[PDB]
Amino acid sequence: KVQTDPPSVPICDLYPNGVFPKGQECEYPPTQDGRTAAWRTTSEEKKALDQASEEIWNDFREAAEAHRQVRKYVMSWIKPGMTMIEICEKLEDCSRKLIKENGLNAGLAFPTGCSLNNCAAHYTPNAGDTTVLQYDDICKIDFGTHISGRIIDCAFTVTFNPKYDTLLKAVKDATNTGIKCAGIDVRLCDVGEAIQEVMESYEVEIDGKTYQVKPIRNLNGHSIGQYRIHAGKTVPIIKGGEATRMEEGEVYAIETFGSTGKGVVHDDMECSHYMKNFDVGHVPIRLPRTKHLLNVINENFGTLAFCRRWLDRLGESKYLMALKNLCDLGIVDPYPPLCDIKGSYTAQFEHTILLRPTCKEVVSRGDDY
């Protein structure tokens, strides 16, 4: 009863029983008294709690399998010479098909980030962007999928010149350290301190200059909520930050960013990412164009992030002022590209993890990273 598998068959159609593959399952890290998590691994009480939200975990897994298959595909063809628009459209086209896009029930969780070099996040081309990926570019591919609002935020870094190899290794190791440190009752600040320690243990040499990799201090991981990419809690990336503990049942985006610059990002370049304020309720709007755009946003994205290209594909035109109005009203928030100093290089690696009652599941883990 098999069939096609190349990037064209929806993940849902690949599993008739509706049960999707689990990600990497890890035992929760010990504590002071060396209290391991071997007991919680099968605990009858926890096993029940976990099984109670099996439908939720399952949805994350379906979205994760889509993410794994989409990215494996992307890595096979992304090459310098392609425009950033060509890259994002080809990736998104596949993502939409594998996730079996269905309105707000299944689809793309957020725009395809493809931030270059000193820019670390939130850059995706808008219409007319002629930017071309270069051999020496360090591109952060950050895209998301979701099933019923259960979001998979996962990212990796693309390079073609081996000179960035140790920088990527540093960030990948830092992210895996954060993933290993994460757990129920674990203080967020400890995760950040652990991440910084690993990150900074790496020194790299690029074009004759040496650098001690720096975590981007004002960037971080975050808890994830249904249809809410950033539920409220933040996972630092450096020491001294977040005096809160991770809790059972929570879901986190564990990401780290390393940089050869100041280790700080600032808003720069034209904005492409936007997202309705999760807390803003219904707001009556009479302005025709603004009213229509808000309706389009509510129908197609809800509280999920979107980009200008996604408005263009829906047939919307000359909507910039309306979009600005929504932002000025506080109904929608702009999320411009976040970049370090000109000339610097930034790298990123990210995974979504489920803090399940019985274990810690790195649901987006793959054979690649």
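Numbering starts at 1 and follows the sequence shown.
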Item checked: residue 35 left out of the model in a third or more of other PDB entries -> yes
Check: Which of the two stretches, 17-25 or 344-352, shows the higher mean Cα temperature factor in the record?
Finding: 17-25
Next item on the list: Higher average CA B factor in the deposited record is what I'm after, so tell me if that's 126-134 or 224-232.
Entry: 224-232
Check: Per the PDB entry, which option out of 65, 45, 312, 59 has the greatest Cα B factor?
Finding: 45
Next item on the list: Tell me which of 331, 305, 37, 70 tops the list for C-alpha B factor in the record.
Entry: 37
Notebook entry, point to check: Taking the entry's C-alpha B-factors for this chain, is residue 143 in the lowest, middle or highest third?
Noted result: lowest
Next item on the list: Would you mind ranking residue 279 by its C-alpha B-factor against the rest of the chain and naming the third, lowest, middle or highest?
Entry: highest
Notebook entry, point to check: What third of its chain's C-alpha B-factors does residue 185 belong to: lowest, middle or highest?
Noted result: highest
Check: What third of the chain, by the recorded C-alpha B-factor, contains residue 52?
Finding: highest
Margin query: Using only modelled residues of the chain, where does the Cα B factor of residue 240 rank: lowest third, middle third or highest third?
Written below: highest
